[PDB]
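The next block holds one structure in the form of structure tokens; read it before the comments.
Cβ atoms come from the backbone with ideal geometry, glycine included; neighbour counts cover every protein chain shown. Derivation of every value follows stated rules applied to the coordinates shown; laboratory data play no part.
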Amino acid sequence: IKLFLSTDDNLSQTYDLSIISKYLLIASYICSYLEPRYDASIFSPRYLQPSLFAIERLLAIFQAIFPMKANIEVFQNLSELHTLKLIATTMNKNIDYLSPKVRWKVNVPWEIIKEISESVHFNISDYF
Amino acid sequence: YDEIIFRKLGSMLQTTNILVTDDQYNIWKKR
Amino acid sequence: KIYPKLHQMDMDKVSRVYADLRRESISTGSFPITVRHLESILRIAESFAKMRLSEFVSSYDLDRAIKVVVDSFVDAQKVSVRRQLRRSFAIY
Amino acid sequence: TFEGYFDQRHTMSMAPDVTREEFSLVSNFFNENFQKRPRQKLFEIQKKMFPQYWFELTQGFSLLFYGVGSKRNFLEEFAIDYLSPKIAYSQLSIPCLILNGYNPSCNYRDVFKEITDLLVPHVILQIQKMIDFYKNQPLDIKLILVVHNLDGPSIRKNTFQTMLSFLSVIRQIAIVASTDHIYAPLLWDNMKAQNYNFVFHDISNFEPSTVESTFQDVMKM
């Protein structure tokens with residue numbers, strides 16, 4: 001029966017990530033789907049494609065949500081996420097992160113951000 | 001000033017406060 | 001019948017918590033802690049003593065009196081401020 | 001804090017005009033009379049840290065230099081006057097390769113040509129061949145690779161970073177680099193940081209950055 005109950009065209013705790021990476025990916029989703037108007041009020045469009053944002057917003061939200069300052073491990077985890085392509089940029093060839101023209105967006109669906117929030121005991125469900 | 005710059009610069013020559021200072025035994029010797 | 005009275009032995013337990021609560025008010029949150037909160041703590045402290053029909057205020061009654069007023073003040077804050085204050089007042 | 005970020009029709013012509021000579025006048029006259037002596041004293045104090053850097057370089061660690069101010073003279077002095085002569089004459093002729101990353105036209109092929117010519121008897125494949133070659137070779141250092149502005153316009157690109165990161169695997173190569181951007185550590189992910197194996201020191205010196213600004217004019221304002 002179970003052969004006929006699932007397609008089994010699938011090729012195969014789904015993501016095992018560092019805590020800093022998990023909170024960075026929470027804050028990036030918040031940046032990508034929360035309108036910029038609310039950054040001064042809440043902290044002090046799911047079906048649509050994610051909006052772009054800036055690193056200045058991501059660092060501030062990450063600092064405001066982690067249970068960290070600016071040691072190199074945060075930026076290392078962010079670059080790891082980009083290399084993992086869990087976060088996307090507005091370019092295709094000759095990546096130039098430090099150039100001011102680049103912008104950032106989330107490349108991860110909500111179903112994974114929810115599990116990450118559960119694993120780090122965070123309440124993204126109450127910010128929307 | 002030397003200790004602060006030594007610690008900020010990451011030098012291993014900065015005194016490490018695992019042993020209490022000799023000035024502390026300028027006090028403790030009287031005990 | 002019962003009109004429970006205060007003991008000055010508990011003055012430290014009351015004043016120190018108030019100053020600690022005041023310090024966190026400027027630290028986080030927009031609601032400033034007012035003297036009327038302290039006036040509310042004593043009243044509910046007296047009410048807790050009146051429950052036991054004891055003529056004097058005990059330390060146990062003050063702990064529950066502090067718990068109720070602090071919890072209401074924390075729970076009325078916005079979500080961003082709410083989580084910060086719950087960790088700062090885990091003792092209370 | 002984050003609250004300091006969440007809570008934050010005139011023209012340039014309203015200011016007096018500046019000529020190219022006038023721009024150089026201030027930069028030349030002030031820097032020779034302003035903070036010269038205290039920075040000289042700070043340099044004399046900081047020179048005592050060379051043995052530790054030398055030891056770390058012996059043990060296989062790469063050195064990264066960061067902080068406020070220009071970082072040309074410190075690296076050049078360390079590489080030329082202190083590091084290479086000791087490498088040569090305490091072991092008993094070390095090429096001190098200096099790369100100016102702030103030049104926006106530093107082709108990686110040209111630097112790789114020099115490295116291959118100075119170390120060898122699809123650049124990544126050749127670097128892998130070199131790594132496999134020098135594993136069994138004696139561990140004594142041959143080349144010093146001073147990479148100024150490891151966040152420079154020619155250097156920020158992913159391919160050049162990947163090319164540099166594999167070089168530190170070879171023990172016989174000494175890598176010294178400096179960065180200026182605040183988000184400089186963003187450039188390097190797990191693999192690149194692993195291969196670099198940097199040891200980080202704060203060399204904030206308030207040396208007036210003039211050579212880096214020479215390549216790209218400031219007179220635009």
| message | Suppose the filter is surrounded by 15 or more Cβ atoms within 10 Å (Cβ to Cβ), of a type outside the set (G, A, S) and in a helix (DSSP H, G or I); does A:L25 pass it? | response | yes
| remark: In the set C:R36, C:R22, the lone residue that is surrounded by 13 or more Cβ atoms within 10 Å (Cβ to Cβ) and part of a helix (DSSP H, G or I) is C:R22
| request: Using the structure shown, decide if C:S54 is farther than 28 Å from A:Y127 by Cβ, in a helix (DSSP H, G or I) and either within 14 Å of another protein chain (Cβ to nearest Cβ) or among the hydroxyl-bearing types (S, T, Y) (or both). | output: no
| remark: Expected single match for touching a strand residue (DSSP E or B) at 6+ places or on another chain (Cβ under 6 Å), among the hydrophobic types (A, V, I, L, M, F, W, C) and either within 14 Å of another protein chain (Cβ to nearest Cβ) or over 28 Å from D:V211 (Cα atoms) (or both) among D:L150, D:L145 is D:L150
| message | Anything in region D:165-209 that is of a type in the set (S, T, Y) and either over 30 Å from D:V26 (Cα atoms) or more than 15 Å from the chain's Cα centre (by Cα) (or both)? List them, or say none. | response | D:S165, D:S168, D:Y183, D:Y196
| said: Here are the criteria: (1) out of contact with any helix residue (DSSP H, G or I) (no Cβ under 9 Å at 6 or more places or on another chain); (2) surrounded by fewer than 18 Cβ atoms within 10 Å (Cβ to Cβ); (3) not β-branched (V, I, T). Tell me which single one D:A79 does not satisfy. | reply: (2)
| Would you pick out the residues in region A:44-85 that are more than 8 Å from chain D (Cβ to nearest Cβ), β-branched (V, I, T) and over 18 Å from A:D16 (Cα atoms)? | A:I65
| So which residues in chain B are under 27 Å from D:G67 (Cα atoms), away from every other protein chain (no Cβ under 14 Å) and in contact with a helix residue (DSSP H, G or I) (Cβ under 9 Å, 6 or more places away or on another chain)? | B:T15
| Of the residues in region D:1-24, how many are surrounded by 12 or more Cβ atoms within 10 Å (Cβ to Cβ) and of a type in the set (A, V, I, L, M, F, W, C)? | 4
| message | Criterion first (of a type outside the set (F, W, Y) and not in a helix (DSSP H, G or I)) does C:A90 satisfy it? | response | yes
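Yes or no, residue by residue, for (1) more than 14 Å from chain B (Cβ to nearest Cβ); (2) out of contact with any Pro (no Cβ under 7 Å at 6 or more places or on another chain); (3) of a type outside the set (A, V, I, L, M, F, W, C):
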position	(1), (2), (3)
D:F43	no, yes, no
D:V68	no, yes, no
D:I80	yes, yes, no
D:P85	yes, yes, yes
D:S105	yes, yes, yes
D:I115	yes, yes, no
D:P121	yes, yes, yes
D:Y134	yes, yes, yes
D:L139	yes, yes, no
